[PDB]
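Working notes, structure below.
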Amino acid sequence: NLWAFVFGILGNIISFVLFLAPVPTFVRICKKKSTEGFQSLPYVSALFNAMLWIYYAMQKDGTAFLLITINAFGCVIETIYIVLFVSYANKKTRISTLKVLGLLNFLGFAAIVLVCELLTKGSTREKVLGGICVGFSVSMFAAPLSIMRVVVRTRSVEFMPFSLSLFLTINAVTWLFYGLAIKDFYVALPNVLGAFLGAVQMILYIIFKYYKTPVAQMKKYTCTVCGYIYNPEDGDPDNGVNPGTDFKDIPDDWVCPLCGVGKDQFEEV
Ligand SMILES: Nc1ccn([C@H]2C[C@H](O)[C@@H](COP(=O)(O)O)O2)c(=O)n1
């Protein structure tokens, strides 16, 4: 049907973009000739997921062509990210990555093919594969949930840029509507989860972006006995007050580092 086509094209465009999201990261990694502190799990994952979904679609044949084309392109692009990463990786990390690549992507996937080609056909095949795709896709939500957890725990949104959230959300509702059009609730349900979590991400961003007060706008205070000036940007490290500390967040048993008088003797500049 026409609808499924519109949402297929849309889904492909948006998801294409999201597949090109790690590119600056890899421009970096190619610069430094090191994978730095980056992990290969998102990539090994994204590839395994893409493969599972291609496999799922080949069972649905005709309608689901559009959820192959994107996943197909996934397989390539992720395969690229994996190669580069393994090129510029630590020996230790190189081997970690290769091991997970052999377990999940080669063996795991092969076992899945083996179990599906010889234990199911037809509808039972659809249900098995679908169940597995839903399961894995859902499991991949651990990374964004982790990110959310960090954002709330840290009251910052540095690790969670707004546009990634937006694009993930739009991707989610697009493939949701897509699943609805081909009446496939294996494609649709985890996109419900995804759209929900994305919305919650945008909400968290709007809430926590300007939570902490910028060190710049923090107020200087002065000891009216010493003349001493407290710089929040400088803080008072030698006496257990890390730089960037606000004056009001300083423990009330703190004193003027020069004069030695109480905090009550201080007044804003
Ligand atoms: N519940 C899901 C999860 C994923 N995908 C497919 C659609 C996208 O083509 C790809 C997601 O790619 P990405 O988010 O990286 O852009 O996975 C899907 O059809 N249904």
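In the structure tokens, the first chain shown is A, the next is B, and so on; residue numbers restart at 1 for each chain, and ligands run from 1 in the order shown.
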What are the closest atom pairs, with distances in Å to one decimal, for all residues of chain A lying within 8 Å of ligand 1? Consider only C-alpha atoms and all ligand atoms, order rows by chain and residue number, and present the result as JSON lines.
```
{"residue": "A:11", "atom": "CA", "partner": "ligand 1", "partner_atom_place_in_ligand_line": "9 (O)", "distance": 6.6}
{"residue": "A:12", "atom": "CA", "partner": "ligand 1", "partner_atom_place_in_ligand_line": "9 (O)", "distance": 6.2}
{"residue": "A:14", "atom": "CA", "partner": "ligand 1", "partner_atom_place_in_ligand_line": "16 (O)", "distance": 6.7}
{"residue": "A:15", "atom": "CA", "partner": "ligand 1", "partner_atom_place_in_ligand_line": "16 (O)", "distance": 3.4}
{"residue": "A:16", "atom": "CA", "partner": "ligand 1", "partner_atom_place_in_ligand_line": "16 (O)", "distance": 6.1}
{"residue": "A:17", "atom": "CA", "partner": "ligand 1", "partner_atom_place_in_ligand_line": "16 (O)", "distance": 6.8}
{"residue": "A:18", "atom": "CA", "partner": "ligand 1", "partner_atom_place_in_ligand_line": "16 (O)", "distance": 4.2}
{"residue": "A:19", "atom": "CA", "partner": "ligand 1", "partner_atom_place_in_ligand_line": "15 (O)", "distance": 5.0}
{"residue": "A:46", "atom": "CA", "partner": "ligand 1", "partner_atom_place_in_ligand_line": "15 (O)", "distance": 6.8}
{"residue": "A:49", "atom": "CA", "partner": "ligand 1", "partner_atom_place_in_ligand_line": "17 (O)", "distance": 7.0}
{"residue": "A:50", "atom": "CA", "partner": "ligand 1", "partner_atom_place_in_ligand_line": "17 (O)", "distance": 5.9}
{"residue": "A:53", "atom": "CA", "partner": "ligand 1", "partner_atom_place_in_ligand_line": "6 (C)", "distance": 6.8}
{"residue": "A:67", "atom": "CA", "partner": "ligand 1", "partner_atom_place_in_ligand_line": "19 (O)", "distance": 6.0}
{"residue": "A:68", "atom": "CA", "partner": "ligand 1", "partner_atom_place_in_ligand_line": "9 (O)", "distance": 7.8}
{"residue": "A:70", "atom": "CA", "partner": "ligand 1", "partner_atom_place_in_ligand_line": "9 (O)", "distance": 4.9}
{"residue": "A:71", "atom": "CA", "partner": "ligand 1", "partner_atom_place_in_ligand_line": "9 (O)", "distance": 5.1}
{"residue": "A:74", "atom": "CA", "partner": "ligand 1", "partner_atom_place_in_ligand_line": "12 (O)", "distance": 7.2}
{"residue": "A:133", "atom": "CA", "partner": "ligand 1", "partner_atom_place_in_ligand_line": "1 (N)", "distance": 7.7}
{"residue": "A:134", "atom": "CA", "partner": "ligand 1", "partner_atom_place_in_ligand_line": "1 (N)", "distance": 6.3}
{"residue": "A:137", "atom": "CA", "partner": "ligand 1", "partner_atom_place_in_ligand_line": "3 (C)", "distance": 5.5}
{"residue": "A:138", "atom": "CA", "partner": "ligand 1", "partner_atom_place_in_ligand_line": "1 (N)", "distance": 7.2}
{"residue": "A:168", "atom": "CA", "partner": "ligand 1", "partner_atom_place_in_ligand_line": "14 (O)", "distance": 6.3}
{"residue": "A:171", "atom": "CA", "partner": "ligand 1", "partner_atom_place_in_ligand_line": "14 (O)", "distance": 6.8}
{"residue": "A:172", "atom": "CA", "partner": "ligand 1", "partner_atom_place_in_ligand_line": "2 (C)", "distance": 7.6}
{"residue": "A:175", "atom": "CA", "partner": "ligand 1", "partner_atom_place_in_ligand_line": "19 (O)", "distance": 5.9}
{"residue": "A:176", "atom": "CA", "partner": "ligand 1", "partner_atom_place_in_ligand_line": "20 (N)", "distance": 7.6}
{"residue": "A:179", "atom": "CA", "partner": "ligand 1", "partner_atom_place_in_ligand_line": "19 (O)", "distance": 7.8}
{"residue": "A:186", "atom": "CA", "partner": "ligand 1", "partner_atom_place_in_ligand_line": "1 (N)", "distance": 7.3}
{"residue": "A:187", "atom": "CA", "partner": "ligand 1", "partner_atom_place_in_ligand_line": "20 (N)", "distance": 4.5}
{"residue": "A:188", "atom": "CA", "partner": "ligand 1", "partner_atom_place_in_ligand_line": "1 (N)", "distance": 6.3}
{"residue": "A:189", "atom": "CA", "partner": "ligand 1", "partner_atom_place_in_ligand_line": "1 (N)", "distance": 6.6}
{"residue": "A:190", "atom": "CA", "partner": "ligand 1", "partner_atom_place_in_ligand_line": "1 (N)", "distance": 4.1}
{"residue": "A:191", "atom": "CA", "partner": "ligand 1", "partner_atom_place_in_ligand_line": "1 (N)", "distance": 4.6}
{"residue": "A:192", "atom": "CA", "partner": "ligand 1", "partner_atom_place_in_ligand_line": "1 (N)", "distance": 8.0}
{"residue": "A:194", "atom": "CA", "partner": "ligand 1", "partner_atom_place_in_ligand_line": "1 (N)", "distance": 7.4}
```
- Please identify all polymer residues within 9 Å of residue 77 of chain A, counting only C-alpha atoms, omitting same-chain residues fewer than 4 positions from it, and present them as number ranges by chain. A: 19-20, 47, 72-73, 81-82
- Message: as number ranges by chain, please: every residue in segment 32-173 of chain A that a backbone DSSP assignment puts in alpha helix (DSSP H).
- Response: A: 32, 41-60, 66-87, 91-100, 109-119, 122-139, 142-154, 162-173
- Might you pull out every residue within 12 Å of residue 264 of chain A, with only C-alpha atoms counted and same-chain residues fewer than 2 positions away left off, and present them as a ChimeraX atom specification? /A:221-225,247-248,250-256,260-262,266-268
Go ahead and save the residues from that selection, with N, CA, C and O atoms, as an mmCIF file, in the first residue's frame.
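Final output, result_18.cif:
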```
data_model
loop_
_atom_site.group_PDB
_atom_site.id
_atom_site.type_symbol
_atom_site.label_atom_id
_atom_site.label_comp_id
_atom_site.auth_asym_id
_atom_site.auth_seq_id
_atom_site.Cartn_x
_atom_site.Cartn_y
_atom_site.Cartn_z
ATOM 1 N N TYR A 221 32.644 36.812 46.089
ATOM 2 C CA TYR A 221 32.427 37.370 47.415
ATOM 3 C C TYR A 221 33.759 37.825 47.997
ATOM 4 O O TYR A 221 34.823 37.394 47.555
ATOM 5 N N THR A 222 33.691 38.709 48.982
ATOM 6 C CA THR A 222 34.885 39.256 49.602
ATOM 7 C C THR A 222 34.771 39.266 51.121
ATOM 8 O O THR A 222 33.697 39.511 51.681
ATOM 9 N N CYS A 223 35.889 38.973 51.777
ATOM 10 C CA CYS A 223 35.986 39.065 53.225
ATOM 11 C C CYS A 223 36.138 40.526 53.623
ATOM 12 O O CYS A 223 37.152 41.156 53.324
ATOM 13 N N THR A 224 35.125 41.064 54.293
ATOM 14 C CA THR A 224 35.139 42.464 54.698
ATOM 15 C C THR A 224 36.104 42.724 55.853
ATOM 16 O O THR A 224 36.206 43.847 56.344
ATOM 17 N N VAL A 225 36.813 41.686 56.284
ATOM 18 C CA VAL A 225 37.840 41.839 57.307
ATOM 19 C C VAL A 225 39.225 41.772 56.671
ATOM 20 O O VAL A 225 40.129 42.526 57.033
ATOM 21 N N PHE A 247 29.667 29.887 46.011
ATOM 22 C CA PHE A 247 29.903 30.338 47.375
ATOM 23 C C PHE A 247 28.868 29.768 48.340
ATOM 24 O O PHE A 247 29.183 29.452 49.486
ATOM 25 N N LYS A 248 27.634 29.632 47.868
ATOM 26 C CA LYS A 248 26.547 29.149 48.713
ATOM 27 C C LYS A 248 26.626 27.641 48.943
ATOM 28 O O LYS A 248 25.989 27.112 49.853
ATOM 29 N N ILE A 250 29.480 26.194 49.562
ATOM 30 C CA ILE A 250 30.613 26.018 50.458
ATOM 31 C C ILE A 250 30.132 25.738 51.881
ATOM 32 O O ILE A 250 29.287 26.464 52.407
ATOM 33 N N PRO A 251 30.659 24.666 52.500
ATOM 34 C CA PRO A 251 30.283 24.260 53.860
ATOM 35 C C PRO A 251 30.469 25.387 54.871
ATOM 36 O O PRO A 251 31.474 26.091 54.836
ATOM 37 N N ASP A 252 29.501 25.542 55.768
ATOM 38 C CA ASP A 252 29.447 26.690 56.670
ATOM 39 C C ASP A 252 30.544 26.709 57.736
ATOM 40 O O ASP A 252 30.604 27.632 58.548
ATOM 41 N N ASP A 253 31.404 25.696 57.740
ATOM 42 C CA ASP A 253 32.544 25.684 58.648
ATOM 43 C C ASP A 253 33.815 26.063 57.894
ATOM 44 O O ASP A 253 34.922 25.725 58.308
ATOM 45 N N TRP A 254 33.634 26.766 56.782
ATOM 46 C CA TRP A 254 34.741 27.262 55.975
ATOM 47 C C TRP A 254 35.088 28.659 56.465
ATOM 48 O O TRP A 254 34.236 29.358 57.030
ATOM 49 N N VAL A 255 36.339 29.063 56.274
ATOM 50 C CA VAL A 255 36.780 30.373 56.728
ATOM 51 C C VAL A 255 37.574 31.080 55.643
ATOM 52 O O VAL A 255 37.891 30.482 54.602
ATOM 53 N N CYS A 256 37.886 32.351 55.897
ATOM 54 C CA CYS A 256 38.722 33.125 54.999
ATOM 55 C C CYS A 256 40.112 32.493 55.034
ATOM 56 O O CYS A 256 40.685 32.299 56.103
ATOM 57 N N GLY A 260 41.066 34.010 58.164
ATOM 58 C CA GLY A 260 40.630 32.960 59.052
ATOM 59 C C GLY A 260 39.262 33.162 59.668
ATOM 60 O O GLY A 260 38.840 32.355 60.509
ATOM 61 N N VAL A 261 38.564 34.223 59.260
ATOM 62 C CA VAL A 261 37.235 34.502 59.799
ATOM 63 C C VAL A 261 36.134 33.717 59.094
ATOM 64 O O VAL A 261 36.308 33.240 57.971
ATOM 65 N N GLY A 262 34.986 33.628 59.761
ATOM 66 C CA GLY A 262 33.839 32.883 59.267
ATOM 67 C C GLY A 262 33.288 33.305 57.916
ATOM 68 O O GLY A 262 33.655 34.356 57.378
ATOM 69 N N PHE A 266 31.614 37.361 54.861
ATOM 70 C CA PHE A 266 31.782 37.589 53.429
ATOM 71 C C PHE A 266 30.574 38.304 52.823
ATOM 72 O O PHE A 266 29.449 38.185 53.331
ATOM 73 N N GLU A 267 30.817 39.046 51.744
ATOM 74 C CA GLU A 267 29.779 39.848 51.114
ATOM 75 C C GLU A 267 30.014 39.882 49.618
ATOM 76 O O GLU A 267 31.149 40.010 49.181
ATOM 77 N N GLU A 268 28.948 39.791 48.830
ATOM 78 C CA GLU A 268 29.105 39.703 47.383
ATOM 79 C C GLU A 268 29.800 40.930 46.809
ATOM 80 O O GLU A 268 29.630 42.042 47.305
#
```
- Item | A:142, A:126, A:174, A:156 ranked by distance to residue 5 of chain A, top pick (using only C-alpha atoms) | A:174
- Item | Nearest to residue 165 of chain A, chosen from A:100, A:241, A:44, A:203, with only C-alpha atoms counted in the distances | A:203
- Please identify all polymer residues within 8 Å of residue 132 of chain A, counting only C-alpha atoms, omitting same-chain residues fewer than 4 positions from it, and present them as a ChimeraX atom specification. /A:52,128,136
- Message: Using only C-alpha atoms, which protein or nucleic acid residues come within 7 Å of residue 155 of chain A? Drop anything in the same chain fewer than 6 positions from it, and give the result as a count of residues only.
- Response: 3
- Quick one: pick out all strand (DSSP E or B) residues within segment 74-258 of chain A from a backbone DSSP run and write them as a ChimeraX atom specification. /A:221-223,229-230,236,241,255
Can I get the selected residues back with N, CA, C and O atoms, as a short mmCIF file (atom, residue, chain, number, x, y, z; two decimals), in the first residue's frame?
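Once everything was written out, this is selection.cif:
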```
data_model
loop_
_atom_site.label_atom_id
_atom_site.label_comp_id
_atom_site.auth_asym_id
_atom_site.auth_seq_id
_atom_site.Cartn_x
_atom_site.Cartn_y
_atom_site.Cartn_z
N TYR A 221 32.64 36.81 46.09
CA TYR A 221 32.43 37.37 47.41
C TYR A 221 33.76 37.83 48.00
O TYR A 221 34.82 37.39 47.56
N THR A 222 33.69 38.71 48.98
CA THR A 222 34.88 39.26 49.60
C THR A 222 34.77 39.27 51.12
O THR A 222 33.70 39.51 51.68
N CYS A 223 35.89 38.97 51.78
CA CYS A 223 35.99 39.07 53.22
C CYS A 223 36.14 40.53 53.62
O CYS A 223 37.15 41.16 53.32
N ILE A 229 39.31 37.99 48.23
CA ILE A 229 38.26 37.73 47.25
C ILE A 229 38.18 36.25 46.90
O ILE A 229 39.19 35.65 46.53
N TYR A 230 36.99 35.68 47.02
CA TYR A 230 36.78 34.30 46.60
C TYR A 230 36.34 34.24 45.14
O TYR A 230 35.31 34.80 44.77
N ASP A 236 38.64 27.19 46.29
CA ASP A 236 39.68 27.14 47.32
C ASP A 236 40.18 25.70 47.48
O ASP A 236 39.89 25.05 48.48
N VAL A 241 37.96 22.86 48.74
CA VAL A 241 36.88 23.49 47.99
C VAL A 241 37.27 23.55 46.51
O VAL A 241 37.97 24.46 46.08
N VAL A 255 36.34 29.06 56.27
CA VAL A 255 36.78 30.37 56.73
C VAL A 255 37.57 31.08 55.64
O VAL A 255 37.89 30.48 54.60
#
```
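Of the residues under consideration (A:45, A:120, A:146, A:40), A:40 shows the shortest atom-to-atom contact distance to residue 97 of chain A when counting only C-alpha atoms.
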- Would you mind listing what lies within 8 Å of residue 233 of chain A as a ChimeraX atom specification, with only C-alpha atoms counted and same-chain residues fewer than 3 positions away left out? /A:215-216,243-245
Can those selected residues be exported to a file as a PDB file, in the first residue's frame so that it contains N, CA, C and O atoms?
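So the final result, stored in selection.pdb, reads:
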```
ATOM      1  N   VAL A 215      29.701  28.714  35.727  1.00  0.00           N
ATOM      2  CA  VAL A 215      30.731  29.298  36.580  1.00  0.00           C
ATOM      3  C   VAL A 215      30.922  30.792  36.311  1.00  0.00           C
ATOM      4  O   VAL A 215      31.160  31.577  37.234  1.00  0.00           O
ATOM      5  N   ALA A 216      30.788  31.174  35.045  1.00  0.00           N
ATOM      6  CA  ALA A 216      30.878  32.569  34.632  1.00  0.00           C
ATOM      7  C   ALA A 216      29.918  33.467  35.410  1.00  0.00           C
ATOM      8  O   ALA A 216      30.320  34.499  35.947  1.00  0.00           O
ATOM      9  N   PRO A 243      37.630  24.016  42.547  1.00  0.00           N
ATOM     10  CA  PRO A 243      37.323  25.142  41.659  1.00  0.00           C
ATOM     11  C   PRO A 243      35.993  24.944  40.939  1.00  0.00           C
ATOM     12  O   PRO A 243      35.639  23.812  40.610  1.00  0.00           O
ATOM     13  N   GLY A 244      35.264  26.031  40.710  1.00  0.00           N
ATOM     14  CA  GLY A 244      33.950  25.943  40.101  1.00  0.00           C
ATOM     15  C   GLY A 244      32.856  25.857  41.148  1.00  0.00           C
ATOM     16  O   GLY A 244      31.671  25.824  40.821  1.00  0.00           O
ATOM     17  N   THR A 245      33.256  25.810  42.414  1.00  0.00           N
ATOM     18  CA  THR A 245      32.301  25.729  43.513  1.00  0.00           C
ATOM     19  C   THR A 245      31.632  27.077  43.757  1.00  0.00           C
ATOM     20  O   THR A 245      32.300  28.109  43.823  1.00  0.00           O
TER      21      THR A 245
END
```
- Task: Considering only C-alpha atoms, return as a ChimeraX atom specification whatever protein or nucleic-acid residues lie within 9 Å of segment 90-93 of chain A, sequence-local ones (same chain, fewer than 4 positions apart) excluded.
- Result: /A:34-36,39-40,86,97-98
Let's have the selection written as a PDB file, in the first residue's frame, with C-alpha atoms.
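Final file, out.pdb:
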```pdb
ATOM      1  CA  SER A  34      43.652   5.567  18.274  1.00  0.00           C
ATOM      2  CA  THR A  35      40.132   4.541  19.263  1.00  0.00           C
ATOM      3  CA  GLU A  36      40.668   6.611  22.419  1.00  0.00           C
ATOM      4  CA  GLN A  39      33.768   1.274  22.576  1.00  0.00           C
ATOM      5  CA  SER A  40      32.903  -1.015  19.668  1.00  0.00           C
ATOM      6  CA  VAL A  86      39.732  -2.558  14.664  1.00  0.00           C
ATOM      7  CA  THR A  97      36.190  -6.462  19.592  1.00  0.00           C
ATOM      8  CA  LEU A  98      37.174  -9.377  17.356  1.00  0.00           C
TER       9      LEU A  98
END
```
- May I ask which of the residues A:148, A:206, A:193, A:13 is the closest one to residue 167 of chain A, counting only C-alpha atoms?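 Of A:148, A:206, A:193, A:13, the one nearest residue 167 of chain A, counting only C-alpha atoms, is A:13.
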- For residue 51 of chain A, the closest of A:2, A:129, A:21, A:151 counting only C-alpha atoms is A:129
- Message: Just checking: using only C-alpha atoms, which residue out of A:177, A:163, A:58, A:242 ends up closest to residue 6 of chain A?
- Response: A:177
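Distance-wise, atom CA of residue 63 of chain A and atom CA of residue 131 of chain A end up 19.1 Å apart.
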